[PDB]
Each structure stands twice: as structure tokens, then as C-alpha cells.
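Letters go in sequence order (proteins before strands), and every chain restarts at 1. Worth knowing before you read on, the calculation uses all heavy atoms, side chains too, and leaves out hydrogens, waters and symmetry mates.
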Amino acid sequence: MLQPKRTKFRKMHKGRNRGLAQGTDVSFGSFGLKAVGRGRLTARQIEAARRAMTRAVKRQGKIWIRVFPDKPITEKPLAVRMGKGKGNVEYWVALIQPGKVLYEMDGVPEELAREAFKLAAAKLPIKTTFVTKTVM
Amino acid sequence: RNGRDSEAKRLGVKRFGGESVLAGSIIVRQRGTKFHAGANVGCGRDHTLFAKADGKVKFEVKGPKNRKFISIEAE
Amino acid sequence: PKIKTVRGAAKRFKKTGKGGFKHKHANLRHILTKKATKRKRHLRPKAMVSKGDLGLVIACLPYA
Amino acid sequence: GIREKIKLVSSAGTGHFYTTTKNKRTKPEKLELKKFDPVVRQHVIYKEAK
Amino acid sequence: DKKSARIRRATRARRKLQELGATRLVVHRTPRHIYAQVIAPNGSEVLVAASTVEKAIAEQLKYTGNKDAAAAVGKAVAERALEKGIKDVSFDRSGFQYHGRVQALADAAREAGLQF
RNA sequence: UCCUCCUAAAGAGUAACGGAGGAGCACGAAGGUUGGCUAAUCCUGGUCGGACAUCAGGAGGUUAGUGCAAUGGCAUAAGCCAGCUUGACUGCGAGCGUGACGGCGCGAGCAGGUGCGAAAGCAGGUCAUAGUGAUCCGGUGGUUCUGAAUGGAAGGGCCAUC
């Protein structure tokens, strides 16, 4: 359950998810999962995907998480009228743009890497693709 | 427990570069000194910049710190 | 019946040559220690009634 | 607002006076500033008073 | 640093004279050969200079860099400025305390016609 | 009610029971001027003394400080120290900013009389932006301005102030 520590402000504006991803290349491992769609990932989804791969690889190799939530999201309690101030913070999400690399991995065969990432992508709400580290 | 705010102070540049002004007219309203007084320009107690002579106002960057200056040339 | 002048208005506005009105400034009665001399000095002379509220003044004192 | 208001009376016979504030708790002694009196058009000593 | 402290000391005065826009008499002092210069308001040209470094003025005083030297230079700048035409100037300490040689130079200059 | 930031879409302004914080002061000095000075944090040596007192040197260049929340500004320092002082002065005020208005703000310069400096010069409160309340009624001091037959006075007016 990734979450920041002592953030400057409890609440922040909704904002927008326009634009294009920055971390579009593999930088740590040899294989990675790239985001094709656009959306937001909650902390729970990131944890679920991480657990799926660790089990798949059987604690062999290394796992890199290239996304952090660092964005609180509020939700009004049930049977509450509009207004009366901003809602309380419930969960943290990370905004994902197309081309963003979600997870990176190294130290395992390419064949075993594909199934591990496929299992993780099955527990994410955004279209994803498998990429390999490029030479320069 | 929010909901408080202060009336806007309508700061900013009142006269822009290349337009003639009369002596004593306000050129820039500012909290600090974003622009420093140059030639024929005076600085008020609240860091307001006003024209001390009649002429055209121009902006420039001078000094080792590249700080902005406002001057007036008699044209 | 003839119109009745608003007596309160007649004690605060005086008509001038060109139809204007002069009035005393309204911040020089009390609580004067904390005020700068510059602000008190500028409030001493009489001032002309603004255009927006001139129409209101005309109705109040139609005779004077 | 512990600070309270006082009156500075010119040492000359003129009735002109200045008004200011002071804190009696910290500085209980009198105030003897030298200010300008326009009635006589001279700088004279002004004494604190009610 | 002695120079850095001196420049920092005189910066405010130099800026004040610069914006005022007036000819300024600037004096530079060292353990020997006290200098003096007159600068136009723009600060780009020197109207006239004098000092004890040249033989024309160093051939009389016993030693350069004393009270007598300051008076000679202070006097020397005077008639030169009067001959040139400029009368009113602004004295610049240049970060030097206005106590000894600097004061002597200024005193000689003011009594010699360059009132300021 | 007032102040600072964001929302606010690179002039100004701009709403919500939108998101964050403050004010109802203080100071005869913490004001004016003249002269001088330049931090935080680290490294090394050194009694108590210890990670953290004070001393010396070095890196550092303002992450310090700026009476009070925040923003902008501040080395010519607006930051720190000392001498002398009351310009925290009176009558004005070209010309501008800001408001529907009441009003609020900035201001060169002129006259009078002052302080600091050899002098040029600076000073009409405080680094700026909150620290505030119209009118009525009444109190205090000055001023033959008026004072209902006359001379006074009462009461009004004007000025300062509560």
C-alpha cells in the first residue's frame, strides 16, 4: 500500500490527465510493462499487481516499481448532501499517461518474464504491453 | 474552517514600455521591488515606482544581478 | 402642496455657481490620534459631490 | 490594547498640542519631545499630559 | 579582503552620486601617492586628475603620502578645475574614512575654490 | 470586517458551506541621520562541555535574519552594532493609482522652522502588504467668527481632540 509520508497538503485539486508519459524507457531492469491506455492506478491495484509477479517469478530476480500514488482522492460519505466542504481523503492514485513504464524486472528468462507481466496486467485497469530494454 | 480571503490590491504594471507619462504618474505597483527605480524614476515608501520627469518609459536589465530597472527618457 | 426640502440634506450640501454641491469630508470627527496628518489635512477642505450621487442630491433639495 | 493615548502640550503659552500613545507599564516617566508649534512658528519642548 | 570591504563601503555613495547626476571628485588613497580625480556625471570620462606620482608635483614635497602631500594634491586639483571651468563637485570618500589625509585633501580643495 | 497564498485560465478583476493560514497590535524606541559590520549549516583542534553553550581555522555564499501568518523584496543591504537626535513637524501640493459612491493609496516640488553629516544629501514614522467604525448626540482646550433692542454672556460655528 504505497503512500507518501507527511505530505504538504491533505487535499489537492482533481486536475486533468492530459499529456504524454515521460518515463517511456526501461532504465533499471531488462524487461518492463508499458502503459498503452490513459487513466489512474490506485495503491491497491499497484500492490495487487506487484504480488502477482513476485509469486509468478517465485522471488527470483528483481522488481522495480516506477509509479507512486502521491495524489490523494476524496469521496463523500453515503447519504451526504453536496457542499459542506471538501470530502475526506480515502485512497491514493497515480496518474498514468500512454507510454508510461509501470513495472521493470530483471534476472529472469524472457519466456518467464512474459507470463509474469501478463498476470500482473490482468489486475490493472489500463491497456498494457510488454517491452524490452533497448540499446540506447 | 476555511472561507476567508482578502480584497485584491490591483498591483502590476500601470504604464508599459514605450508610452509617454506625466511627472508623478504611477508606473508600477508592487509589494517588494521587482523593478528598481532608474533614471528620473522615484521609489515610494510602499515600493511604488513613479515618474519624476515627463517622457517615455522604458525597461532594462542592469547590474551584476540582472535586476530589472525602469527609466524615463525626455522624448 | 409645494415640495418639502429634506432638512438633513440642506445642512450638509451647499450649491455653487455652476450648479454643483460642496460638502464636508466624512472622516474627521473622532478617532484622530491614529490618523496620519496627511490624511487629516486632505480631508479638511470641502469637496464636490460626485456625478453618480448628484441626481440623488437634486431630489433631496429641489429648492436650494 | 494596553497602549493608551496621551496629549503633548507645548511649553509656550499657546494652547496647541499633539496627541500620541505610550505604554505606562514599561515607560512610566514623562515624555519631553521637541516639536514644532505653528501658533508661534518655532520648535519648543512639549510635555506629556492627559 | 581590504579591497572588497572598501568597494562595498563606497558602493552606496557612488550609486547616490551617479543617480544624482553631478560631477564628483574621487580620491584614492594608498600608503604612498594619494591620487585624486574628477569624473563626469556619466562616469565615462575624467575631466582632470592630479597626484604625487608625477615628477611635476613630486619634486617639492619631502615625502609623498602624508598630510602635506594631501594638501598639495588637494590644492593642485583646485586651480586645474578652476582653469577648466567646473566649479561645483561632490566629494567621494571611496570608502576611506574622512579623518586624515582624505580630510586634508578636501580641506585644501574647498579653501582653494572647489566649494562643496 | 480586515490581511497573505492557491483556485484565477502568463495585464487588472473574477464565485462556491472550495483548499491553507493570520489580524483587532507593538515601538519614544524597534523612528531619523551618520559611521561601521555581514549569516545558516557542516569539518578539524581545544577543561568541565556532552549531538547541540563559548574560542581558533577551513568549506559554504544567505539554506540565516528581517517584532507577529503568508507572499513579494532585501548586499548600495530593508539584516546586525554604535554616536548624535525628534522629519512620528506645520501650511500645501503638480500629477497619478483605486473604487458605484462614501472613501482609500502613492507623490515630486514650494514656504516656514528643525535633526544628522566636512559635504553632496537624507528625514512629512517603522522592508511593504492586516492592527480598524460613517453620521448623529455630547465632553475638553483655543479662536469677538457669530451672538436675534443695545453692551456682555449663554448657545452655536471654525480649528485641535475625546
Side-chain angles (χ1 to χ4, degrees), chain A residues 8-13 82-86, chain B residues 1-16 21-27 29-34 42 44-54 65, chain C residues 8 12 23 25-27 29-34 36-44 49-53 56, chain D residues 1-3 5 7 9 14-23 26-27 31-39 41-43 50, chain E residues 5 8-17 20 22 24-25 88-93 97-98 103 106-107 110 115-116:
Chain A
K8 272 204 295 191
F9 304 98
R10 304 193 297 142
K11 305 152 164 83
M12 74 174 51
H13 286 348
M82 305 285 84
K84 282 75 174 175
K86 188 75 178 292
Chain B
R1 68 180 65 252
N2 304 311
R4 296 170 303 287
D5 213 351
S6 57
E7 190 276 331
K9 291 312 193 258
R10 291 131 175 81
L11 306 167
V13 185
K14 304 289 159 187
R15 292 313 218 290
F16 294 89
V21 298
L22 295 170
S25 66
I26 307 303
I27 296 145
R29 285 270 306 290
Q30 46 179 7
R31 286 276 81 87
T33 68
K34 291 174 70 175
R45 59 170 296 284
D46 71 354
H47 308 123
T48 299
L49 275 66
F50 60 95
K52 305 228 292 185
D54 291 331
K65 292 181 181 179
Chain C
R12 301 169 165 94
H23 70 91
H25 281 294
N27 189 359
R29 282 301 203 206
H30 61 116
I31 309 170
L32 299 174
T33 296
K34 61 171 80 179
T37 305
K38 190 166 127 193
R39 168 155 72 126
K40 293 181 285 197
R41 199 175 48 239
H42 274 96
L43 294 158
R44 223 184 283 129
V49 174
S50 179
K51 184 178 184 293
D53 63 358
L56 291 151
Chain D
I2 62 170
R3 207 179 180 75
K5 308 171 285 178
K7 188 208 299 310
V9 164
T14 61
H16 184 274
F17 56 87
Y18 287 100
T19 187
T20 183
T21 45
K22 75 177 287 186
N23 186 11
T26 300
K27 299 298 293 295
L31 201 61
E32 274 206 23
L33 284 146
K34 186 180 289 293
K35 311 200 81 67
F36 175 82
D37 187 352
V39 176
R41 294 179 66 188
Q42 295 297 289
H43 276 81
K50 180 67 174 66
Chain E
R8 182 254 299 161
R9 255 196 300 271
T11 291
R12 192 198 263 291
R14 291 257 180 77
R15 297 273 76 74
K16 169 63 85 180
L17 282 72
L20 268 182
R24 59 177 215 270
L25 183 63
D88 63 358
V89 286
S90 284
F91 193 76
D92 189 358
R93 314 189 294 103
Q97 203 67 338
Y98 180 85
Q103 184 178 2
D107 285 342
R110 71 177 74 247
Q115 85 305 341
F116 45 67

*Looking only at N and O atoms, is any donor in the side chain of E:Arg12 or the base of F:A77 less than 3.5 Å from an acceptor on the other one?*
no
*Protein proximity profile, nucleotides 3-12 of chain F - base contact B, sugar-phosphate-only contact S, no contact -, cut-off 4.0 Å on heavy atoms*: BBBBS----S
*What about F:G97 and F:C104: are they a Watson-Crick or G-U wobble pair, with both distances under 3.5 Å?*
yes
*How about F:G58 and F:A59: do their bases stack, with centres under 5.5 Å and planes under 30 degrees?*
yes
*In Watson-Crick or G-U wobble terms, both distances under 3.5 Å, what is the partner of F:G93?*
none
*Indicate, with a heavy-atom threshold strictly under 4.0 Å, whether E:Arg9 touches base, sugar-phosphate, or nothing.*
sugar-phosphate
*Do other residues, nucleotides or ligands put more than 12 heavy atoms under 6.0 Å from the NZ atom of D:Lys22?*
yes
Would you tabulate the nitrogen or oxygen pairs shorter than 3.5 Å linking the protein to nucleotides 138-140 of chain F?
none

*Classify the sugar of F:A128 as north or south, using the sign of the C1'-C2'-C3'-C4' torsion: positive means north, negative means south.*
north
*For F:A8, the sugar region implied by its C1'-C2'-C3'-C4' torsion sign*: south
_Measuring from the side chain of C:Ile31 (C-beta onward, heavy atoms only), which nucleotide among F:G133, F:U86, F:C27 has the closest atom?_
F:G133
*Just by protein heavy atoms under 4.0 Å, how would nucleotides 112-117 of chain F read 5' to 3' in B, S and -?*
BBS---
*asked:* Please confirm whether the shortest side-chain N or O distance from E:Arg8 to OP1 or OP2 of F:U76 is below 4.0 Å.
replied: no
*Looking across every strand, which nucleic acid part, if any, lies under 4.0 Å from B:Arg1 by heavy atom: base, sugar-phosphate, or nothing?*
nothing
*Reckon B:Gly44 touches a base, only the sugar-phosphate, or nothing at all at heavy-atom distances under 4.0 Å?*
sugar-phosphate
*Of the nucleotides F:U76, F:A128, F:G102, which one has an atom closest to the side chain of E:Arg15?*
F:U76
*Using only heavy-atom distances, decide whether a donor-acceptor pair under 3.5 angstrom links the side-chain of D:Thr20 to the base of F:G28.*
yes
*Indicate, with a heavy-atom threshold strictly under 4.0 Å, whether C:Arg12 touches base, sugar-phosphate, or nothing.*
sugar-phosphate
_If the cut-off is 4.0 Å, is C:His30 near the phosphate of F:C136, judged by side-chain N/O to OP1 or OP2?_
no
*asked:* So if I take every side-chain heavy atom of B:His47 and compare against F:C74, F:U126, F:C127, which nucleotide ends up nearest?
replied: F:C127
*asked:* Students often get this wrong, so: under 4.0 angstrom with heavy atoms, is C:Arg44 touching a base, only sugar-phosphate, or nothing?
replied: sugar-phosphate
*Report yes or no: do F:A82 and F:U44 constitute a Watson-Crick or wobble pair with both atom distances shorter than 3.5 Å?*
no
